[PDB]
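Just one chain follows, in the form deposited in one PDB entry, and it is written as structure tokens.
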């Protein structure tokens, strides 16, 4: 399998070199819109920007900009929007994006605070009686229910477009145990969480693309989509062992820069795909 590749890279201690080679081969595309002066406060990180060709546009004549990219995986028949954790001023944009893109799910892979610092705004309501109104984009958001498990929490949220009074239910899948440092010791919980997201319909073609984020929207998010896509391809191809994780990662990198941020995240993605395949 890719399991023998894995075992070899481990014995050779060559994760850093494999990872660096991926970084060297990764696509480079312009991000002019992201870099415009008026958009400075719409970006959390100066070095994490969406490419112009794949960026999500807000349906808004003023400023259509949000730090989010559409990753479209043609063979696997899967699409994902990856975005940064909303900033104090981009929560209205974030939910405007969810509304216009017709997403069913949001996948959140970070805690609001990690390492003692804020990694994103508290962009969803924590009590059902205290809804949130986003005045800039005319959206109301209400917590409908919350189910806290040991490794993840799922919330049902109701998003209302106040201009048309249309209402949609959004599922919020919140993975809450990714460690502040490093990667999880075992991919078991992360895989379980991925299957819970799939089971909900959120990744399915009847809906717009799922929105996936952590603080920057490339590291954990890359892992989530990379694992999902490779597992799907292994189920659909005549030869499952032809699925090449490095090649899928580079294809994803054509749509958003920097997906998988460390060699340990790369190793972890391999482990997740390998154990997930053994389960399917």
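We call the rigid core the largest set of C-alpha positions that still match within 1.5 Å between the two forms. Numbering follows the first chain given and starts at 1.
Relative to its counterpart among 165-173 and 96-104, 165-173 has the higher mean temperature factor, C-alpha atoms as listed in the PDB entry. Higher mean CA temperature factor, per the PDB entry, when comparing 180-188 with 67-75: 180-188.
The entry lists C-alpha B-factors for 223, 54, 49, 39, and the highest of these is at 39. Residue set 81, 121, 148, 141: peak C-alpha B-factor at 148 (per PDB entry).
When the modelled residues of the chain are ordered by their C-alpha B factor, residue 22 lands in the highest third. Among the modelled residues of its chain, residue 43 has a C-alpha B-factor that falls in the middle third, as given in the PDB entry. Residue 253 sits in the lowest third of its chain by CA B factor, as recorded in the PDB entry. Per-chain ranking of the deposited C-alpha B factor places residue 219 in the lowest third. The deposited CA B-factor of residue 158 belongs to the middle third of values across its chain.
In what follows, reference is made to the form solved in complex with a small molecule, a form of this protein that is not presented.
Contact check for residue 68: every heavy atom lies farther than 4.5 Å from the small molecule in the bound PDB entry. Contact check for residue 55: no non-hydrogen atom falls within 4.5 Å of the small molecule in the bound PDB entry. Rigid core superposed between the shown form and the other one, residues 28, 61, 47, 239 considered: the one with a C-alpha shift of 2 Å or more is 239. Fitting the two forms on the rigid core leaves the C-alpha of residue 88 displaced by under 2 angstroms between the shown form and the other one. If you fit the rigid core between the shown form and the other one, you'll see the Cα of residue 199 move by less than 2 angstroms. Residue 166 shows a C-alpha shift below 2 Å between the shown form and the other one [criterion: core-superposed Cα displacement of 2 Å].
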